[PDB]
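K.L.:
Below are the C-alpha cells for one structure; questions will follow.
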Amino acid sequence: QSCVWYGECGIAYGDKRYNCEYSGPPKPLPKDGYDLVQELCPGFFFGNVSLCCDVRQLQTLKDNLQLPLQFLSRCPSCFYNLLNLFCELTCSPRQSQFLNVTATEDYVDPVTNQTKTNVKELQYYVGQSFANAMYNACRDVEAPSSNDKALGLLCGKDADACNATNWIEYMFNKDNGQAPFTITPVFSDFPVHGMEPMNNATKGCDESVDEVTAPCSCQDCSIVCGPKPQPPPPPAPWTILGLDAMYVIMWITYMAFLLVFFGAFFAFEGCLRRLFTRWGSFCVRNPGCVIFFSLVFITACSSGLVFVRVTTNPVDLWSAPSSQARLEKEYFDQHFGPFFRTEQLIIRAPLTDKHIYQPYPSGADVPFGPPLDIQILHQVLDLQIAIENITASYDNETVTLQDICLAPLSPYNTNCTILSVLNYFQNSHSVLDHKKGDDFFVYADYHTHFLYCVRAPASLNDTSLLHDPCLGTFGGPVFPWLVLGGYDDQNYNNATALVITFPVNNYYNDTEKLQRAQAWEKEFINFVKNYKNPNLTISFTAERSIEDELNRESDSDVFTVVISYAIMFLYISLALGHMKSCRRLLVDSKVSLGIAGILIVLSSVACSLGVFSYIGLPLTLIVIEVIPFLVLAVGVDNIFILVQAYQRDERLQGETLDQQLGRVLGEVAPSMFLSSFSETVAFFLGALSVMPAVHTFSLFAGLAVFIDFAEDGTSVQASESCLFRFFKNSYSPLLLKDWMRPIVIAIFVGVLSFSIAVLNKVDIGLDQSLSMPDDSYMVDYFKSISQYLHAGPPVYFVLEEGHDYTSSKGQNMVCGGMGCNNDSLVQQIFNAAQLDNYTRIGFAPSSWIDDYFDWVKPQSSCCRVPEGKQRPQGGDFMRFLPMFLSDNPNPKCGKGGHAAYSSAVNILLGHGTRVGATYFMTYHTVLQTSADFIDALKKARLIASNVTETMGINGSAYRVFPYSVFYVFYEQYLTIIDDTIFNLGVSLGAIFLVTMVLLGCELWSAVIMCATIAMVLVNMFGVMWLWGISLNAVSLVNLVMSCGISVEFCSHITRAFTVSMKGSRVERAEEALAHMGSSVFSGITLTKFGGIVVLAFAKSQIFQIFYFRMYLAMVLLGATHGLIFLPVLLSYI
Amino acid sequence: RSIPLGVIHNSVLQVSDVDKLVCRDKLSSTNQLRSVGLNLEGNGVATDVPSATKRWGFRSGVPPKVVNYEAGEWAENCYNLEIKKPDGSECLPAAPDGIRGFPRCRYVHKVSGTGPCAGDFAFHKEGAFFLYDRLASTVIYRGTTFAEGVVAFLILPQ
Amino acid sequence: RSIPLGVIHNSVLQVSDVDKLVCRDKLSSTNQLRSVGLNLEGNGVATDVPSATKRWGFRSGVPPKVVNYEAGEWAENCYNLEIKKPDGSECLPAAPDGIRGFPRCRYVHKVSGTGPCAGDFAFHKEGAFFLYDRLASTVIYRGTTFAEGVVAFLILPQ
Amino acid sequence: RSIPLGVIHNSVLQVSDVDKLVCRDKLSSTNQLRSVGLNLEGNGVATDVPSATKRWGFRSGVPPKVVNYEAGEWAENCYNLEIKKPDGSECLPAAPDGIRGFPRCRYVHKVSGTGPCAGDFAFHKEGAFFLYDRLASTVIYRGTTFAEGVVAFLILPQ
Ligand SMILES: *[C@@H]1O[C@H](CO)[C@@H](O[C@@H]2O[C@H](CO)[C@@H](O[C@@H]3O[C@H](CO[C@H]4O[C@H](CO)[C@@H](O)[C@H](O)[C@@H]4O)[C@@H](O)[C@H](O)[C@@H]3O)[C@H](O)[C@H]2NC(C)=O)[C@H](O)[C@H]1NC(C)=O
Ligand SMILES: *[C@@H]1O[C@H](CO)[C@@H](O[C@@H]2O[C@H](CO)[C@@H](O[C@@H]3O[C@H](CO)[C@@H](O)[C@H](O)[C@@H]3O)[C@H](O)[C@H]2NC(C)=O)[C@H](O)[C@H]1NC(C)=O
Ligand SMILES: *[C@@H]1O[C@H](CO)[C@@H](O[C@@H]2O[C@H](CO)[C@@H](O)[C@H](O)[C@H]2NC(C)=O)[C@H](O)[C@H]1NC(C)=O
Ligand SMILES: *[C@@H]1O[C@H](CO)[C@@H](O[C@@H]2O[C@H](CO)[C@@H](O)[C@H](O)[C@H]2NC(C)=O)[C@H](O)[C@H]1NC(C)=O
Ligand SMILES: *[C@@H]1O[C@H](CO)[C@@H](O[C@@H]2O[C@H](CO)[C@@H](O)[C@H](O)[C@H]2NC(C)=O)[C@H](O)[C@H]1NC(C)=O
Ligand SMILES: *[C@@H]1O[C@H](CO)[C@@H](O[C@@H]2O[C@H](CO)[C@@H](O)[C@H](O)[C@H]2NC(C)=O)[C@H](O)[C@H]1NC(C)=O
Ligand SMILES: *[C@@H]1O[C@H](CO)[C@@H](O)[C@H](O)[C@H]1NC(C)=O
Ligand SMILES: *[C@@H]1O[C@H](CO)[C@@H](O)[C@H](O)[C@H]1NC(C)=O
Ligand SMILES: *[C@@H]1O[C@H](CO)[C@@H](O)[C@H](O)[C@H]1NC(C)=O
Ligand SMILES: *[C@@H]1O[C@H](CO)[C@@H](O)[C@H](O)[C@H]1NC(C)=O
Ligand SMILES: *[C@@H]1O[C@H](CO)[C@@H](O)[C@H](O)[C@H]1NC(C)=O
Ligand SMILES: *[C@@H]1O[C@H](CO)[C@@H](O)[C@H](O)[C@H]1NC(C)=O
Ligand SMILES: *[C@@H]1O[C@H](CO)[C@@H](O)[C@H](O)[C@H]1NC(C)=O
Ligand SMILES: *[C@@H]1O[C@H](CO)[C@@H](O)[C@H](O)[C@H]1NC(C)=O
C-alpha cells in the first residue's frame, strides 16, 4: 500500500490548498480525527485507520461538502456515492493504484525554509461502472424546490447536457472555483497500464445507505417510484326498486280487472269502564269546586315544578351523552381537554390581476395569482396586525388576543399563532419589502422566499441570497395548504385565495375565561364586518355567526306561527261553544297540556328548541278529540238532559274513543324513553298527554255541561252542515270506491318505493343573514385545506420493539390517507403526520443548541448524542433519555436555531415507561355536506379499526380517536337508520297492543289500526325524500309526531265502527263513520287551516320553511287517509 | 481628435499615426491594415453576472453605434441577456441583421428574467464595447452572446 | 455628370473640382473635406402648410435615396407630417433606423390628418432635399421633422 | 486570395491586377472602374423550373451576402419564386429594402407553391450568384426576379 499525498501544503487560490506530495505507506490517523472519519468515510474506520490523509484534509473535505449537500442532501444514496468518490481520492490507503501525480511545484515552509512539494495536478482512475452508478443514483434528484434536476446546478451545464463522466470532469476542474486543484479523471472498468481503477461498491437511490437512512423519495428519484392508486370502487343500483313498484302496480291493475269481470259475470270490560265513568260524572255533576279545585292543583304542580325557568338550550349538546360519541370526546379531554377553536378568514383580491416574475437564476415564467401581488400582501398584513390589536372589554377588564390565543412557545415567546402566508415573512412589511438586486438582476425578493418556504416552512434560513427564515413568529412552520386556496396540484403560486387562521382557547372547563374569549370574538366579528378595503373581499369564521345567527334569525318567524296559532284557536273556539263557553276550556286545555308538560319535565330537568313546535301542535290532539266529544253531544237530543243525557252521550262515545285515544297517544310519547336526543321533548309531551286526557275528563265535560245548560242559531247551522257533509260522504261510499281505492293503494306503493329508494343525513342551511353565509360560501369555494383532526391516544410505550411496530402502523396510516381520494382529489384524510418518532431520529443525527432565558441571563447549551455504532442503536430503541430531552425544546441545533417542540406526553418523575399520550393528527378538508363528512367519519372509524386490528394485545388499552369539529355534531346522523326503524318500531308495538287493550279482533282491529302505521309513514317519507322534504334530528321527531296524530284520527273512527251493534255488510260502517266524520273535518281541517298561515305564509329563513312545511303536508296526507283508510278496510272486511 | 494607429515591425509596437509615419515606413497594400478586438476580463473584473452588471447601465437619447473588427481573442467569460420589462414587453433590442454572438467563448452566462429597464439602451459604464461576431457595439442586444472589449487599429508588415 | 466641389482659401469660393485643382492646391487630409446642408427658406417661400405642400408631390416607381451631410444651419421653419390614407393605413413611411429630425428649428409645423396619398413616396418638386439630422433624403418620412434644403461639398483650409 | 481585375485597351483583355499593372498603365479616375454581371444561360443549361432547381439548394448556418454590380446583360430566362413551408409560413426571405428584380428579362418563370424548405436559405450549388437589379446575392429572395450569373471587375480606358 502506498500514498501519493499526505497533509496540506501551499495555497492554490482563494482559501484553497494543494496537498503535500508523499509516496510512503498510509499512516494511522490520530484519534482526534476519528469523529471526522466516522462521519465522512466510515468505510475506512477500522483497525489502525491507516490512511493517506491527515485530520486537516478530512476537515477540508467536510468544509467543502456544503454545495453538494446544498443540492443532493435529500437523496442520501446519491450523496453517499459522491462522498465515496472523494473519500477514496482523499484518504485511500491504496491511492497509488488509482492516482498518478502529473504536476508539482515547490512548497517552502516560511519559518524553517524546509522544502516540500505541492501536488499541483493528478490523474484519477475512476471505475466506469462506479461513475455510471454515481450518476444513475443522482440523475433524478430534484433541486430543493424546482422542476429542474439538481445535476443542472453541480455540472457546469444544464441537466440535459450533464453525463456521468462530464459531471465528474467538471467537479474536478479547478476552473469551477471550488476544486482547489485539478484532478483529470480517466474512466475504465479495466486496468490501465497497471493502474487499477477505483471501483467501490455503490448504492442506488432505491436502496438504504444504512439501517438509519431510508431510500430516496419519488419526487427526487425514479427507481423508487410508483405505483399510483387504483382502489376506486364504483357502485350504483336502484332500478330494481322501480321495477318492483311497476310490477306491483300491474298486479293491482290485474286484480281490479278480475274484480270487474266478476261483477259482470254475476268489549264487556270497556262497557263496564264506560258505565263507571258515567257514574262518576253523575256524582261529579253535583259540584263544580272539586273539578276546578283539581285544575287549581294542576295550576300549581305545573307552575310549581317550573320553579327556576333555567330551561337551558345551549350550547352544542344534542348528540346525547354516554356511548362513544360523548365518552370519546371526554377521553380526548383528560389527555388535553379542548384542543381549541379557530377564527378563520378567507381573503380574495377581486380587482387585482395575476402577474409573472422570473426567479434567479432559472428565469422560468412563474405566474402568481391575484392575492400574492406584493401590495395586496402588504394590505393583508395590515388587516392581520389590526386583528392582533383588537381589544374587547368584559366587566371592567380588557381582553386581548394575547390573553386567549394559542401561544405554543409561552412564556419565552408570547407570540400568538397565526397561520398565514405573511408568517413566511415573519409578519413584517419591511422584511417582505426587501429585495436584493442590482442594475441587472433581482436575485431575491418576496417571490423566491415564497417558492422556497412552501417547500420548507420550518427553515430558519432561505437558501437564496435573502437568507430570511420561513418559520412563523409563533415558533412553528406554516404549511402552505393551510394558508392558500384555489390553486392546482401543489402550484401554490397560482392561489386565488388566502386563508388566515387564529387558534383561540375554547375554555370548555373555564366559564369566566370563555366569556372573555367570546367578548373578544364579538369584537373580531364586528371588526371584520366593518373593515373597508375595495381591494379585498374578506369572509368568516368565528363562533357567534353559527350561535348568533340561530339565536338572531330564529325569531321573526315566531310572529308567523304565533299569529297562525291565534287564528286557529279562534276557529276551534267559534266551532262548538262558539260563545264564551268552549273558548275558556280550550285555553285551559292547551295551557293544561303545555303547563303540565313543563311541570312533568321540571321534575327531571330538561329543555329544547323543537320541543316547542311539538308542544303547541301536539296540543291539537287534546283539542281535536276534546273538540269532537263536546260537538257530538251538541248533536244529541233525547228524553234526558244533564242527568243521563250527559253520561249517555259521554261515556258512550268519549269513554271508548277517548280511552283509546289517550292510550294510543301515551304509547307514542310514553315509550319515548328510547335511546337518542329526543326522548326528553317526546316523553314530556306524552306525559302531558294522559294529563291533558285526565284534565278534559270531568273538567271539560262538567264545565261544558255546568255552563252548557244568535249563538244558538249559528251552532245549529254548523251542526246541520256537518250532517249534510256526513250524508254526502256516505253517498260517495255507497256508489263504489273500489277503483279509486286501488289507485290510492298505488299511490302508497309508489311512495314506499320512492321513499325507500331515497335518503339523506342533514346539512346546515341557516337564513340569509350575512356572516353565516360568508362562511358557507367561502367553504364551498375554498378547498384542499381547513381542518379537523383524527387522533389516537395510546398507552404502554416502553418496549423499543413495540414502538418500532407502532411507528410502522403510523407510517402505513399516512400512506392510505395520502391516497384515499375522490373525484379529482383525496377525501379521507389530507394528509400526513408528525408524531415525534422522527424528531428523536433527527436529534440522534443532529447536534445541541442554545436556549436563551427570559428576560435576561447567560446562554445555556446542553446535550450530547451517541455515534457511530452506538448512534444507530440509540435511535433504534430505549426511550426515557430521548423522551425527556425531546419534550424540552425551543431552539434547533445546526445551521440555525429555532423552535421544534410539542406536547401530548406527561409522565411522572423519570418513569419514562409511564408516558401518555402521544397523539398524531392529519387534517383533511371536506366541507361538502352532512352526508360528505359522515362518509369521511365512516372511513376514519374503519381506519381506526384497521390500525388497532392489525396489532393489538391484552384486553383493552386506548385506541383510535377521530375528533373533528364535525363529529359529536354529526355523530347523531350515524345510527339514524336504526333510530327511525327502532323509534317507529316501538310505536308500532305500543299502538297494536293498546288498540287491543279493549278489542283484539285478531286481524280486524289489529290490521285496521296496524295498516295506518305503514299507511301514513310512507307519505311522510315520500314528502321528505320526495319533494321539498328533509331529514335530521328534527325530521325524526317529526315522523314521531306524525304517527301520533295519525293514531288519533284512526282511533276514533275505528273504536266505534269495529263494534257496531246491529251488524251488517257495509251499512253499519257508513253509519258509524258518519258520526265520526263530522269531527274529522272539524279538528283536522282547522289544524291545516292554521298551518297554512304557518306554511302558506312567509318567513325569513328556510330553517322552519321546512319543519312546519312537511308537518302540514304529512299531517294533511294522514287526515285524508283516515276516511279512505277506514272505508277501504270496511269494504275489505 | 484622432484614432491611434499601431505600427509593428518584428516586435516594435510604436503607437504612431500618419501624423508621424516616417517616409521609410512602408504601406504597400490595404491588406496590411487590421483592426483587432481585445477582451476585458481577468483579475479584478467581476466574472460573475451580479458583479459584471455594475459595469453596464441604461440610458436614453443616445443612438447605438457599431464598428467592425477583424480578429479577437478567446474569452473565458461571455454574456447573453434576455430581459422583460415589468409590463412583459422586451427590454433589449433584437440583434440587427448580421450581428451574431461572439464566436469563441469558454463559458456563456446565459440568463433571462425581468427587470426595471430604465432606459432605451444598455451601455458600458467604462466606455468599452460589447464585442459580437467581428462587430463591436456601444449597446447590448437581446439574446446575443457578447464579450466586453476594446478595439485597436494596426499596420502589419508586408 | 460630375458633382461640383467648392474650394476655399480665406474667402475665395471658387467652384472647381479635381478637374482643375491646381498642382499648388493642398489637400493633405481627408479632414479637409466637408459636406454642408443649406436651407431653402425666406422671401417668396411660403410657410403655411397648405402653401408649402405645393412644393411637394407623390410619385411611384422611384426608390428613395439618402446622402449624409455634416453641417447645416438654423431653420426658421421646419415641417413634421403625419398622414392617414382614406382606408386609415399609413401614407408616409416610418423614419428608417438612424434618421432623426432636423436638429435646429425655430418653429415646427407639426400636423396630422388624412389625405389622398396618390403615390408611394412624397418628393420635392423643385428637386431639393428633405434635410433630417445630418442625412438628406429625396423623400418625406412619417412624423419626422425636416427642413427643405440642398447640399454642397467643400475643401477646407489646413 | 485576390479578386482578379480585368484591364482593357482597345480589345486587349488581360486578366491582371495591381499585382502587375505596369507603370505605363493609366488609372486617372475612379470612373474607369466598373463591375459587370454576366449571365449563365444557354446550351446545356436547362430552363424549365424542375430542371433549374437542381442547380440550387437549401442550407443553414451560412449568412447571405450581397455585392453590387453596375451593368449586365439581357437574360433570355429569369426566375421568380414563391414557396410556402408545409406549415404554411414563408420559405424564402422577403427581398431586403432596395433589392428589385433583374431589370432585363425576355421571359420570367414566375411560379408559386409549397415545398419541403430544408434550410434557412437557398444557394447556388455551382457557386454562382443570383443577379437582381445591380445587386448580386448568394441567396434567393421571395417573389423577386433573378438571373443566374457571375461578376467581373474592370478598368476601362480614359
Ligand atoms: C416575537 O415577535 C417579534 C416580532 O413580531 C420579535 O421581535 C421582532 O424582531 C424583528 C427582527 O429584528 C424586529 O424587526 C426589526 O429589526 C430591525 C433590525 O433588523 C435586523 O434584522 C436582523 C435581526 O433582527 C439582523 O440580521 C440585521 O442586522 C438587522 O439588525 C430593528 O432595527 C427594528 O427595531 C426591529 O426590531 C421587530 O421589530 C421585532 N418586533 C417587535 C415587536 O419588537 C420577537 O423576537 C418575538 N419574540 C420571541 C420570544 O421570539
Ligand atoms: C399554473 O402553473 C403551471 C405550472 O405548474 C403553469 O404551467 C407553466 O406554463 C408555462 C407557460 O406559460 C410553462 O413555461 C413555458 O416554457 C416554454 C419553453 O420554455 C415556452 O415556450 C412557453 O411560452 C412557456 O413559457 C411552464 O413550463 C409550465 N410549468 C410547468 C408546470 O411545467 C401554468 O401556466 C399556470 N397556469 C395557471 C394555473 O394560471
Ligand atoms: C471502498 O471499498 C472497499 C472494499 O470493499 C472498502 O474497504 C473495506 O471496508 C470495510 C468496511 O470498513 C472493511 O470491513 C474491509 O476490511 C475493507 N476492505 C478492504 C480491502 O480494505 C472501503 O471502505 C470503501 N471505501 C469507502 C470510502 O467506503
Ligand atoms: C456528453 O459527454 C460527452 C463526453 O463523455 C461529450 O463528448 C464529445 O462530444 C462532443 C460534441 O458534443 C464532440 O465534439 C467531442 O469530439 C466528443 N468527444 C468524445 C471523446 O466523444 C458530449 O459532447 C457531451 N454532450 C452533452 C450534451 O453534454
Ligand atoms: C387599493 O389599491 C391601490 C393601488 O395599489 C391603492 O392606492 C394607491 O395607488 C396609487 C396609484 O398607483 C399610488 O400612487 C399610491 O401610492 C397608493 N396609495 C398610497 C396611500 O400609497 C389604495 O391605497 C388601495 N386601497 C386601500 C384601502 O388600501
Ligand atoms: C445562512 O446560511 C448560509 C450558508 O451559506 C450563511 O451564508 C454564509 O455561510 C458561510 C459558511 O460557509 C459563511 O462563511 C458566510 O459568512 C455566510 N455569509 C455571510 C454573508 O457571511 C449565512 O451566514 C446563514 N445565515 C443565517 C442567518 O443563518
Ligand atoms: C496494523 O494492524 C494490523 C491488524 O489490524 C496488523 O496486521 C499490522 O501488523 C499492524 N501494522 C502496524 C504497523 O501496526
Ligand atoms: C503515471 O502515469 C504517467 C502517464 O499518465 C506516466 O508517465 C508515469 O510514469 C506514471 N507513474 C507511475 C508511478 O506510474
Ligand atoms: C532562510 O529564511 C530567512 C528568513 O527567516 C532568510 O533571512 C534567509 O536568507 C533564508 N536562508 C536560506 C537558507 O535561504
Ligand atoms: C440508469 O442507467 C441505466 C443504463 O445505464 C438505465 O437502464 C436505467 O434506466 C437508468 N436509471 C433509471 C433511469 O432508472
Ligand atoms: C377542569 O378544571 C379544573 C380546575 O378548574 C381541574 O381541576 C380539572 O382537572 C379540569 N378538568 C380537566 C379534564 O382537565
Ligand atoms: C393600536 O392601539 C393603540 C392603543 O395604544 C394605538 O395607539 C395604535 O394607534 C393602534 N394601532 C393600530 C390602529 O394598528
Ligand atoms: C375600575 O375598577 C377599579 C378597581 O379594580 C376601580 O378602582 C376603578 O375606579 C374602576 N374604574 C371604572 C371606570 O370603573
Ligand atoms: C383495512 O385493512 C385491511 C387489511 O388489514 C385491508 O384488507 C382493507 O382493504 C383495509 N380497508 C380500509 C378501508 O382501509
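A note on labels: chains of the C-alpha cells are A, B, ... as shown, every chain counts residues from 1, and ligands are counted from 1 in their shown order.
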Can you list, as a PyMOL selection string, every protein, DNA or RNA residue that comes within 9 Å of residue A:270 when you count only C-alpha atoms, leaving out same-chain residues fewer than 4 positions away?

P.N.:
chain A and resi 274-275+655-656+998-999

K.L.:
Write the residues you've just listed into a file as a compact mmCIF listing (two decimals), in the first residue's frame, and include C-alpha atoms for each of them.

P.N.:
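Final file, part.txt:
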```
# COMPACT_ATOMS: atom_id res chain seq x y z
CA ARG A 274 -117.84 3.43 30.39
CA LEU A 275 -120.58 2.78 32.94
CA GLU A 655 -115.40 6.69 27.03
CA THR A 656 -114.17 4.25 24.38
CA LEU A 998 -110.09 -3.09 24.62
CA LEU A 999 -110.75 -5.13 21.48
```

K.L.:
Return as a tab-separated table the residues of chain A lying at most 10 Å from chain B, together with the closest atom-to-atom pair for each and the distance in Å to one decimal, counting only C-alpha atoms, with rows in chain order and ascending residue number.

P.N.:
```
residue	atom	partner	partner_atom	distance
A:156	CA	B:107	CA	9.2
A:157	CA	B:107	CA	9.6
A:355	CA	B:87	CA	9.3
A:356	CA	B:88	CA	8.3
A:357	CA	B:114	CA	6.7
A:358	CA	B:113	CA	4.8
A:359	CA	B:113	CA	7.2
A:360	CA	B:113	CA	7.5
A:361	CA	B:111	CA	7.2
A:362	CA	B:111	CA	7.6
A:363	CA	B:113	CA	4.8
A:364	CA	B:113	CA	7.4
A:365	CA	B:113	CA	8.2
A:437	CA	B:50	CA	8.3
A:438	CA	B:50	CA	7.1
A:439	CA	B:53	CA	6.2
A:440	CA	B:53	CA	5.4
A:441	CA	B:115	CA	6.5
A:442	CA	B:115	CA	7.2
A:443	CA	B:50	CA	8.5
```

K.L.:
Enumerate, as a PyMOL selection string, the complete set of residues in chain C that a backbone-based DSSP assignment places in strand (DSSP E).

P.N.:
chain C and resi 5-8+13-16+33-39+56-59+66-68+75-84+105-114+121-124+129-131+135-137+147-155

K.L.:
Starting from chain B, keep only residues with some atom at most 12 Å from an atom of chain C, counting only C-alpha atoms, and report them as a list in words.

P.N.:
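Residues of chain B within 12 Å of chain C, counting only C-alpha atoms: residues 1, 2, 18, 19, 61, 62, 63, 64, 65, 66 and 96 of chain B.
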
K.L.:
With only C-alpha atoms and all ligand atoms counted, collect every polymer residue having an atom within 8 Å of ligand 10; state the result as a list in words.

P.N.:
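Sorted by chain and then by number, the residues are residues 132, 133, 135, 136, 137, 139, 140, 222 and 223 of chain A.
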
K.L.:
Neighbours of stretch 826-835 of chain A within 7 Å (only C-alpha atoms; same-chain residues fewer than 2 positions away dropped), as a PDB file with N, CA and C atoms, in the first residue's frame?

P.N.:
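Output contents, as saved in result.pdb:
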```
ATOM      1  N   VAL A 814     -50.394   7.125   7.326  1.00  0.00           N
ATOM      2  CA  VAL A 814     -50.018   8.277   6.483  1.00  0.00           C
ATOM      3  C   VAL A 814     -50.107   7.983   4.989  1.00  0.00           C
ATOM      4  N   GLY A 817     -54.044   7.440   3.798  1.00  0.00           N
ATOM      5  CA  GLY A 817     -54.648   8.768   3.826  1.00  0.00           C
ATOM      6  C   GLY A 817     -54.223   9.593   2.616  1.00  0.00           C
ATOM      7  N   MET A 818     -52.915   9.668   2.387  1.00  0.00           N
ATOM      8  CA  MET A 818     -52.377  10.424   1.263  1.00  0.00           C
ATOM      9  C   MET A 818     -52.746   9.778  -0.068  1.00  0.00           C
ATOM     10  N   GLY A 819     -53.598   8.758  -0.007  1.00  0.00           N
ATOM     11  CA  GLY A 819     -54.033   8.052  -1.207  1.00  0.00           C
ATOM     12  C   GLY A 819     -55.541   8.161  -1.395  1.00  0.00           C
ATOM     13  N   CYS A 820     -56.293   7.628  -0.438  1.00  0.00           N
ATOM     14  CA  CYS A 820     -57.749   7.664  -0.495  1.00  0.00           C
ATOM     15  C   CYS A 820     -58.276   9.029  -0.921  1.00  0.00           C
ATOM     16  N   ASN A 821     -58.836   9.093  -2.124  1.00  0.00           N
ATOM     17  CA  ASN A 821     -59.381  10.338  -2.653  1.00  0.00           C
ATOM     18  C   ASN A 821     -60.701  10.100  -3.379  1.00  0.00           C
ATOM     19  N   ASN A 822     -61.235  11.153  -3.986  1.00  0.00           N
ATOM     20  CA  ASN A 822     -62.495  11.060  -4.715  1.00  0.00           C
ATOM     21  C   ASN A 822     -62.647  12.215  -5.700  1.00  0.00           C
ATOM     22  N   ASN A 837     -41.550  10.401  16.598  1.00  0.00           N
ATOM     23  CA  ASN A 837     -40.531   9.387  16.353  1.00  0.00           C
ATOM     24  C   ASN A 837     -39.469   9.897  15.385  1.00  0.00           C
ATOM     25  N   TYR A 919     -49.894  11.682  20.316  1.00  0.00           N
ATOM     26  CA  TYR A 919     -51.092  11.941  19.527  1.00  0.00           C
ATOM     27  C   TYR A 919     -50.684  12.441  18.135  1.00  0.00           C
ATOM     28  N   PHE A 920     -51.127  11.721  17.110  1.00  0.00           N
ATOM     29  CA  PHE A 920     -50.834  12.078  15.729  1.00  0.00           C
ATOM     30  C   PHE A 920     -52.115  12.551  15.058  1.00  0.00           C
ATOM     31  N   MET A 921     -52.018  13.662  14.335  1.00  0.00           N
ATOM     32  CA  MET A 921     -53.185  14.263  13.698  1.00  0.00           C
ATOM     33  C   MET A 921     -52.919  14.684  12.255  1.00  0.00           C
ATOM     34  N   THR A 922     -53.791  14.231  11.359  1.00  0.00           N
ATOM     35  CA  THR A 922     -53.740  14.593   9.938  1.00  0.00           C
ATOM     36  C   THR A 922     -55.029  15.346   9.610  1.00  0.00           C
ATOM     37  N   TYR A 923     -54.916  16.638   9.315  1.00  0.00           N
ATOM     38  CA  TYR A 923     -56.078  17.455   8.987  1.00  0.00           C
ATOM     39  C   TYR A 923     -56.502  17.259   7.535  1.00  0.00           C
ATOM     40  N   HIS A 924     -57.787  16.985   7.333  1.00  0.00           N
ATOM     41  CA  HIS A 924     -58.323  16.777   5.993  1.00  0.00           C
ATOM     42  C   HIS A 924     -59.508  17.699   5.726  1.00  0.00           C
ATOM     43  N   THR A 925     -59.551  18.268   4.526  1.00  0.00           N
ATOM     44  CA  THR A 925     -60.629  19.172   4.143  1.00  0.00           C
ATOM     45  C   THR A 925     -61.811  18.404   3.560  1.00  0.00           C
ATOM     46  N   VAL A 926     -62.998  18.995   3.651  1.00  0.00           N
ATOM     47  CA  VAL A 926     -64.207  18.368   3.133  1.00  0.00           C
ATOM     48  C   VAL A 926     -65.279  19.409   2.825  1.00  0.00           C
ATOM     49  N   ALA A 936     -66.850  10.519   5.461  1.00  0.00           N
ATOM     50  CA  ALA A 936     -65.445  10.584   5.884  1.00  0.00           C
ATOM     51  C   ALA A 936     -65.239   9.999   7.279  1.00  0.00           C
ATOM     52  N   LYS A 939     -65.284   6.272   7.164  1.00  0.00           N
ATOM     53  CA  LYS A 939     -63.982   5.770   6.737  1.00  0.00           C
ATOM     54  C   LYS A 939     -62.955   5.773   7.873  1.00  0.00           C
TER      55      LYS A 939
END
```

K.L.:
Between A:337, A:76, A:810, A:152, which one has atoms that come closest to ligand 11, using only C-alpha atoms and all ligand atoms?

P.N.:
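For ligand 11, the nearest of the candidates is A:337.
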
K.L.:
What do you get as a PyMOL selection string if you pick all residues at most 12 Å from ligand 9, counting only C-alpha atoms and all ligand atoms?

P.N.:
chain A and resi 108-115

K.L.:
Output N, CA and C atoms for every residue in the selection just made, as an mmCIF file, in the first residue's frame.

P.N.:
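Below is the file that was written, selection-v5.cif:
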```
data_model
loop_
_atom_site.group_PDB
_atom_site.id
_atom_site.type_symbol
_atom_site.label_atom_id
_atom_site.label_comp_id
_atom_site.auth_asym_id
_atom_site.auth_seq_id
_atom_site.Cartn_x
_atom_site.Cartn_y
_atom_site.Cartn_z
ATOM 1 N N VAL A 108 7.685 25.897 0.316
ATOM 2 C CA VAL A 108 8.702 26.275 1.276
ATOM 3 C C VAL A 108 8.030 26.698 2.572
ATOM 4 N N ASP A 109 8.446 26.069 3.664
ATOM 5 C CA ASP A 109 7.969 26.436 4.985
ATOM 6 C C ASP A 109 8.596 27.791 5.289
ATOM 7 N N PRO A 110 7.762 28.825 5.499
ATOM 8 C CA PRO A 110 8.221 30.196 5.774
ATOM 9 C C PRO A 110 9.164 30.337 6.980
ATOM 10 N N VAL A 111 8.987 29.512 8.011
ATOM 11 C CA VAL A 111 9.836 29.624 9.214
ATOM 12 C C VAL A 111 11.139 28.822 9.117
ATOM 13 N N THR A 112 11.058 27.596 8.607
ATOM 14 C CA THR A 112 12.222 26.710 8.604
ATOM 15 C C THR A 112 12.966 26.699 7.274
ATOM 16 N N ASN A 113 12.312 27.204 6.230
ATOM 17 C CA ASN A 113 12.806 27.119 4.841
ATOM 18 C C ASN A 113 13.006 25.687 4.323
ATOM 19 N N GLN A 114 12.422 24.713 5.017
ATOM 20 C CA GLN A 114 12.397 23.334 4.523
ATOM 21 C C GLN A 114 11.405 23.229 3.372
ATOM 22 N N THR A 115 11.852 22.597 2.293
ATOM 23 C CA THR A 115 11.050 22.437 1.083
ATOM 24 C C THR A 115 10.211 21.166 1.151
#
```

K.L.:
List all protein, DNA and RNA residues that have any atom at most 8 Å from ligand 11, counting only C-alpha atoms and all ligand atoms, and write the list as a ChimeraX atom specification.

P.N.:
/A:330,333-337,509-510

K.L.:
Residues at most 12 Å from ligand 13, using only C-alpha atoms and all ligand atoms? Could they come as a list in words?

P.N.:
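Selection of residues at most 12 Å from ligand 13: residues 393, 394, 395, 396, 397 and 398 of chain A.
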
K.L.:
Skip stretch 31-44 of chain C itself and residues of its chain fewer than 2 positions away, then list as a ChimeraX atom specification all residues within 10 Å of it, counting only C-alpha atoms.

P.N.:
/C:5-7,26-29,46-47,67-78,128-132,134-136,147-158

K.L.:
Name each residue within 8 Å of ligand 6, counting only C-alpha atoms and all ligand atoms, as JSON, numbers by chain.

P.N.:
{"A": [63, 66, 460, 461, 462, 463, 467, 468, 469, 895, 896]}
